[PDB]
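Chemist: PDB entry and its sequence, pasted below:
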Amino acid sequence: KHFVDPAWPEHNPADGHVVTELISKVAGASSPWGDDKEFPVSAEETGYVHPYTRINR
Amino acid sequence: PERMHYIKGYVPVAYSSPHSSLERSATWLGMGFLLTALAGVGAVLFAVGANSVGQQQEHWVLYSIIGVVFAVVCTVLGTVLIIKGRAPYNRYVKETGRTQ
Amino acid sequence: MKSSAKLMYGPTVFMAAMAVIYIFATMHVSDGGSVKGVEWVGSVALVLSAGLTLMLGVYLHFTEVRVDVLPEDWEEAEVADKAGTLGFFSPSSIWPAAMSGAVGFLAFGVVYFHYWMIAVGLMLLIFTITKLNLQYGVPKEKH
Amino acid sequence: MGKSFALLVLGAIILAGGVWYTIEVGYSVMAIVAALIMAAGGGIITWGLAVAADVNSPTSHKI
Amino acid sequence: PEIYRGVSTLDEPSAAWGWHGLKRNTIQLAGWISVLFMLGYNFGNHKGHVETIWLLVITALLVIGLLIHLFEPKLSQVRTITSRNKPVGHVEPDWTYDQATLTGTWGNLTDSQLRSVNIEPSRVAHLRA
Amino acid sequence: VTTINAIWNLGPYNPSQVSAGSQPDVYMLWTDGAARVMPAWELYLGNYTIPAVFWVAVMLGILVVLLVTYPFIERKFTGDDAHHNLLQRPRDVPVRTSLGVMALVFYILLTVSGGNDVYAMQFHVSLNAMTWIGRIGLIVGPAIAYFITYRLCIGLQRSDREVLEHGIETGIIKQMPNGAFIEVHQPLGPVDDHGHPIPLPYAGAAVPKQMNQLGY
Amino acid sequence: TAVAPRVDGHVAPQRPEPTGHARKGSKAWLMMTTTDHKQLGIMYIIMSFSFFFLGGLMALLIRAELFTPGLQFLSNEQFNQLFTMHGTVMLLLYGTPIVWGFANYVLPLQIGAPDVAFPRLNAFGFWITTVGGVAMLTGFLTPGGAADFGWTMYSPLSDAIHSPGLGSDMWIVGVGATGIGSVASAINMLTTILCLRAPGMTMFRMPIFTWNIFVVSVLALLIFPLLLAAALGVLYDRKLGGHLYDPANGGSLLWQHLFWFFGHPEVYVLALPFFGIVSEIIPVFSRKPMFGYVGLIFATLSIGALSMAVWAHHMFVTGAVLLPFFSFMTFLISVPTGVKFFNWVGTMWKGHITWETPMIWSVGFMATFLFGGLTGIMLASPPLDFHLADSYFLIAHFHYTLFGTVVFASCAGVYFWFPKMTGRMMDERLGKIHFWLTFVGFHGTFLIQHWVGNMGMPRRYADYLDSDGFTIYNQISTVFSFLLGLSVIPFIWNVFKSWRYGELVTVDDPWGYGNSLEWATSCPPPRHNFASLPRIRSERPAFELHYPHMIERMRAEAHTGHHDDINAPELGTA
Ligand code: HAS
Ligand code: HAS
Ligand SMILES: CC(C)=CCC/C(C)=C/C=C/C(C)=C/C=C/C(C)=C/C=C/C=C(C)/C=C/C=C(C)/C=C/C=C(\C)CCC=C(C)C
Ligand SMILES: [Ca+2]
Ligand SMILES: [Cu+2]
Ligand SMILES: [Mn+2]
């Protein structure tokens, strides 16, 4: 069988399809980060690290 | 979806309902041919008008006849196709008893 | 997308009929104050204008036979029907201005016809287009 | 009613000042400036008429 | 929102991190020096006067800008009413919430109107009681 | 791969001959352009004369002095003498970066005025118009550069604050049951119990502005 | 139909602050990276009016030179360049950009979408249009000046032989850069209407304005790339040694046919959207719905369909075209325009007309365009066109139609949507002053040019003899032309003052009776245009939202002799 990128959303072809040249499950463009995601997420789950910093006086 | 539901005393705007005539391709194609038909009227007028001042003497009968032929085929085509596109609306009007 | 897929059939058939009428007319009518003979400019334009509208109409119809009964087209739809994700939209981007400037540089290059301006313009143009298309997929800073 | 009288009258002499100068100078560059003076007079005339129009039929009732 | 070295954080968000506000007197001084230099430009050996037109237009616009920056005039906010617009003390009702709840501006509609919006009055009699 | 200074077709020097395009090297074009834009002011004093080229010497010397002594004229107006070790992002210091872009446009106008003989020949702008563009531009263009640069820097740091107080705008737009169009924002710091980010204090470090810069 | 339960302690959302309160640097970087349809549309509009003033200054110079015989301050070359560039900038840098600016602001609000389909493409369209404008205007910096061959650029005059100098080339690129900017704007408006419509907004519940924009989008996509191909062909002939537009190849009539095939749909592209704007303005201030709605839609689509067959009526004096065919088609294209006029006066019939500023502008537009089109019909017949063609009669005709359809109606649109675009209302008195100045100055300038056109003065004439016999008429034209120039002072001051200190708008529809959907939301709208979507059920969402008690009347009195279909039985079940 063919390979599938794990970022690909799961679906059952027997009752639909994921995307074609003609139709899609969205009115606008699909999310670059995956329509299957659910934003927002937690601060630590973001991976960002806010810097505390001070400067001389 | 799949069916409408109106209570008594409610009148909607009829357009783009599943029974509407604007939603089907025959109607629009008929509009195109109906617009095309007036070109034949122009053609026959051009033929007889050129005749009125003694010009186009060698071909004016052919131009008039072909103009009338094109006009009649186009206008009858447009009318028939429009009526075909409106047939679902007539069936709906028979079904429900509401015009809009 | 049912109504707009099918309303395009009027303009295209009218343009096609005008194209054939005009080709026969100019190739046959030897009227004074004009010269007999088929003219290709105008006839080609009419047929390919019919082509443009026919391409639009046929693609839209070919697509619309696939789609479902969308709530925007349902004459008695409720605001709750379309709840969910509408889609992804670009928040902001500097690259449209950049590639407009690149096209401007290329256009000025062909104005004076300095070959280096044309080459640098094309290079800058494909660079800016690439940066536009990769905006929301540039990799995270690799440590 | 209102300023429209004076704003018309101030214009009516300026316009008169313009056309007179136009019929004084020959075909020259200063004829252009005469035309400008004449048109400025006409503009102040219409300006008076428009403030009169606003006063006759106000549509921003509360000042 | 604090003021750092004369400038407010609301006008300059990074007011505390660097050099932000030039004194208006400095702007005036630089502008007038520039105007003096550009008026001096027209004492060279050039013959034509198209140069003069450009210089005089730009210096006139410079002086206009510098005068308005010197005084910084203002106008008042006009308190007129144009149309069905309402004065500042108005409170705008959420017409959509009223439509979806039959409350507020959509409350107390008669039976005929409720039928006219495809809503049977039987489901609404207690709500209007 | 590129020829530079093809001396073999210039011929040897003799003081009676010259070419139309005879500018010095690129890094000297600024001091050529100064000599091109000076309006010929010359002083005569009895048995003596100050030529018109003394003033470009004064101007270029002032220009060099300003560059040489900059940190101290920065001190006297900035009002600080601290022992800084962390750098300023140029957006956070709009006055200095605006003055820098102002000096850049000044230097570039001097450069292109130095090269205007070639510029007018190639791009078909009148040679007198180029000299007057240099003259009037060395006053006007610096001011425009300062204005635009200052406002752009303020806008940049405003975008930074907007992200830090509202989170990244993903670009995912969703419609609520009420029909309101909302864009889900992805917070960086913690969120209040009302369900909205708590603002972070700006720190001078770059703020991420998109979700592809968080790994997503 | 569902009715929701009440919410505990509900409060309406915080509507955004009005304009003029912006801080320092709050729009610079926002502008440079903008992909918001509405801010982008505002800057579209401002840039287009900047080009309007720039072109009109050249127009006033032309009039000042033609005030009296003899060349007072212009030469022949400078006069030629002036009318060429005036025509080019006013048609391509003012008209089409203002059309797309109003489209970009208004259309997503009317169709109930948050944003346009392709935001970055829209920003690219704006910036490339401005790039083309500056390229087009750069020709004046040339020592020899800009292009000098009229805005049509007939060949062989545009050949390398007969038009040297780089300004002639810069025109070609400035036009082309503008053309693709227009195309990039059109790609959105089709795809947006096809894909981002609000729930319940079927295609025939759209406002008339967006219908016109839809038809104009398809029309513009037809015809702008043809201009680009022809223009690149001309540049190919010029810079290289091409021969395609050589007269011995038939290049003159080739260029005329191709250009006018582009060009007549351009004037209809300018025409239809402003017809739509007045079709939105007139129902509001007459308190009456639009008369013959789907009829107007069919008329708009008929104009779109007929525009592609009418093109060669610009060549009746060339001796090449087939006269009867094109004369008949350009007679046919008059019918739907007259249908639109009849519909406007019909919706005004026995209405309650209030005369706030946009209604004044709309009726002025109707009065002007009536005579403009009435003149156009006379130009449509060949035997009259043999004398009229390329005279000042033609000048007066197309200035009537353009100045009516663009300037009057664009001003109407500005006054109409200034609340929705700013959150403030324009000064009424300055508006009336502006209107009367423009109206009287216009009719003074251009009504008398019919007579000089008839008497024998051709277009594009830089100098004329004292013995010719049409100096007084030109003098009368010139004075009122300077009045037209003075007319825009109150407009600029009014916009400037109202932006920064104008009357604040509280309600969602300061005019009161807004029918279209954009009048249901806030003034200004939020970033994504809608804090809540009304129940859309007709061509008047905002009206039926704000006046529920009117609905039973609005559905009942719509049709003459309306049927008994209200009494029909129930049709289904939930
Ligand atoms: C926005 C810009 C424009 C609009 C709109 C416009 C409308 C029309 N024009 Fe035009 N025009 C021409 C014909 C028409 C016709 C038939 C209409 C139509 O839109 C007019 C219809 C409008 C109406 C408002 C109709 C009347 C209304 C009612 C309600 C009654 C219905 C009609 C009836 C009953 C018939 C009339 C009855 C009679 C008894 C006469 C022709 C040729 O037939 C030429 C080329 C001539 C030449 O030789 O160069 C031309 C030239 C131009 C140019 C030339 C530029 C150049 O040469 O460089 C421009 C820019 C321009 C713009 C515009 N024009 N036009
Ligand atoms: C949308 C389309 C058009 C509009 C609008 C338009 C407006 C005017 N036209 Fe026109 N035009 C003529 C006169 C006028 C006048 C007096 C105005 C008026 O609207 C102009 C007044 C309006 C203004 C608006 C200018 C006032 C400017 C002021 C008061 C101040 C300027 C200074 C600043 C600083 C501006 C403020 C700047 C800021 C950034 C705020 C004449 C004859 O009197 C001819 C034929 C001449 C010949 O011999 O061929 C002509 C030729 C044409 C052609 C054919 C060109 C060709 O054959 O190649 C076209 C397509 C055309 C279109 C248009 N035209 N015009
Ligand atoms: C060798 C080496 C080592 C290096 C290289 C070379 C060099 C040395 C160089 C150097 C350079 C420099 C340092 C430079 C500098 C510069 C500067 C600082 C400059 C400055 C300038 C200034 C000016 C001109 C100013 C101006 C101003 C004005 C004009 C103002 C105005 C104002 C107003 C009008 C107000 C209002 C506003 C508006 C309109 C915008
Ligand atoms: Ca003259
Ligand atoms: Cu036409
Ligand atoms: Mn001709």
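Modeler: Happy to help now that I have it. Numbering: from 1, shown residues only, chains lettered A, B, ... in the order given. Ligands and ions are numbered 1, 2, ... in the order given.
Chemist: and residue G:387, what is it in contact with?
Modeler: Contacts here follow CB atoms under 8 Å, 6 or more residues apart in numbering or on different chains; on that basis residue G:387 touches residue G:454. Every C-beta, even on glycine, is put in place using the N, C-alpha and C of the backbone.
Chemist: send the alpha carbons of the helix or strand harbouring it over as PDB?
Modeler: Following DSSP states H and E, one finds residue G:387 within helix G:382-388. Output of helix G:382-388 as PDB, limited to C-alpha atoms (Å, rounded to 0.1, in the frame of the first residue of the first chain):
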ATOM      1  CA  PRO G 382     -22.700  55.900 -38.700                       C
ATOM      2  CA  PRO G 383     -24.200  58.700 -40.900                       C
ATOM      3  CA  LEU G 384     -24.100  61.100 -38.000                       C
ATOM      4  CA  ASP G 385     -20.800  59.700 -36.800                       C
ATOM      5  CA  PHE G 386     -19.200  60.700 -40.200                       C
ATOM      6  CA  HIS G 387     -19.300  64.300 -39.100                       C
ATOM      7  CA  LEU G 388     -19.300  63.800 -35.300                       C
END
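Chemist: give me the contact list for whichever helix or strand comes after that helix.
Modeler: For helix G:382-388, the following helix or strand on the C-terminal side (DSSP H and E) is helix G:392-402. Under the contact criterion CB under 8 Å, 6+ apart, helix G:392-402 has outside partners G:90-91, G:95, G:267, G:270-271, G:368-369, G:371-373, G:375-376, G:379, G:388, G:446-447, G:449-450, G:452-454, G:457-459.
Chemist: before we move on, what about stretch F:108-118?
Modeler: By CB under 8 Å, 6+ apart, stretch F:108-118 touches F:20-21, F:23-24, F:26, F:28-34, F:36-37, F:119, F:127, F:130-131, F:133-134, F:137-138, F:141.
Chemist: okay, now residue 2: neighbour count?
Modeler: By default, I'm working from chain A. Residues near residue A:2, counting by other CB atoms under 10 Å in any protein chain shown, number 3.
Chemist: my question was about chain G
Modeler: By other CB under 10 Å, 11 other residues sit near residue G:2.
Chemist: that's a helix at it, yeah?
Modeler: No: Residue G:2: not assigned to a helix; according to DSSP: H, G, I helix; E, B strand; the rest coil it is coil.
Chemist: near chain C, which residues of the stretch 401-550 of chain G?
Modeler: With CB under 8 Å from any CB of the partner chain as the criterion, the stretch 401-550 of chain G meets chain C at residues G:533, G:535.
Chemist: for the stretch 401-550 of chain G, which segments are assigned as strands?
Modeler: Applying DSSP state E, counting those that start in this stretch to the stretch 401-550 of chain G gives strands spanning G:424-425, G:503-504.
Chemist: need these in JSON lines with mean neighbour count, can you?
Modeler: Converted to JSON lines, those look like this (neighbours: other CB atoms under 10 Å in any protein chain shown):
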{"stretch": "strand G:424-425", "mean neighbour count": "26"}
{"stretch": "strand G:503-504", "mean neighbour count": "24"}
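Chemist: how about the helix or strand encompassing residue G:266 and chain B, touching?
Modeler: If you go by DSSP H and E, residue G:266 is part of helix G:251-286. No: if you take CB under 8 Å from any CB as the test, helix G:251-286 misses chain B, and the best it gets is 15.5 Å.
Chemist: could I get whichever helix or strand comes after that helix in PDB with only the CA atoms?
Modeler: Next helix or strand after helix G:251-286 toward the C-terminus (DSSP H and E): helix G:293-306. Coordinates of each C-alpha in helix G:293-306 appear next as PDB, following Å, rounded to 0.1, in the frame of the first residue of the first chain:
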ATOM      1  CA  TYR G 293     -34.800  43.600  -8.800                       C
ATOM      2  CA  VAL G 294     -34.200  40.400 -10.900                       C
ATOM      3  CA  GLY G 295     -35.100  42.600 -13.900                       C
ATOM      4  CA  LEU G 296     -32.100  44.800 -13.000                       C
ATOM      5  CA  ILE G 297     -30.000  41.700 -12.700                       C
ATOM      6  CA  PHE G 298     -30.900  40.600 -16.200                       C
ATOM      7  CA  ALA G 299     -30.200  44.100 -17.500                       C
ATOM      8  CA  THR G 300     -26.800  44.000 -15.900                       C
ATOM      9  CA  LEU G 301     -26.000  40.600 -17.300                       C
ATOM     10  CA  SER G 302     -27.300  41.800 -20.700                       C
ATOM     11  CA  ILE G 303     -24.900  44.800 -20.600                       C
ATOM     12  CA  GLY G 304     -22.100  42.400 -19.800                       C
ATOM     13  CA  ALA G 305     -23.000  40.100 -22.700                       C
ATOM     14  CA  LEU G 306     -23.500  43.000 -25.200                       C
END
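Chemist: quick one on the thing from earlier: from the chain's centre, how far out is the helix holding residue G:266? Work that out for me.
Modeler: 8 Å (CA atoms, centre = their mean, to the nearest Å).
Chemist: now name the helix or strand holding the residue nearest the centre of chain D.
Modeler: By CA atoms, centre = their mean, chain D has its centre lying nearest to residue D:44, at 2.6 Å. Taking DSSP H and E as the criterion, residue D:44 maps to helix D:29-56.
Chemist: before we move on, back to that, quickly find the element holding the residue lying closest to the residue nearest to the centre of chain D once chain neighbours are set aside.
Modeler: Of all residues not flanking residue D:44 in the chain, residue D:11 sits nearest, at 3.4 Å (CB to CB, 6 or more residues apart in numbering or on different chains). For residue D:11, the element it lies in under DSSP H and E is helix D:4-24.
Chemist: ok, now which ones touch residue 53?
Modeler: Chain wasn't specified; assuming chain A. Listed by CB under 8 Å, 6+ apart, the contact set of residue A:53 reads F:86, F:203, F:204, F:205.
Chemist: sorry, should have said chain G
Modeler: Per CB under 8 Å, 6+ apart, neighbours of residue G:53: residue G:488.
Chemist: helix, strand or coil: sort out it for me.
Modeler: Here residue G:53 is recorded as helix under three-state DSSP.
Chemist: with residue A:31 instead?
Modeler: Residue A:31 ends up coil, using three-state DSSP.
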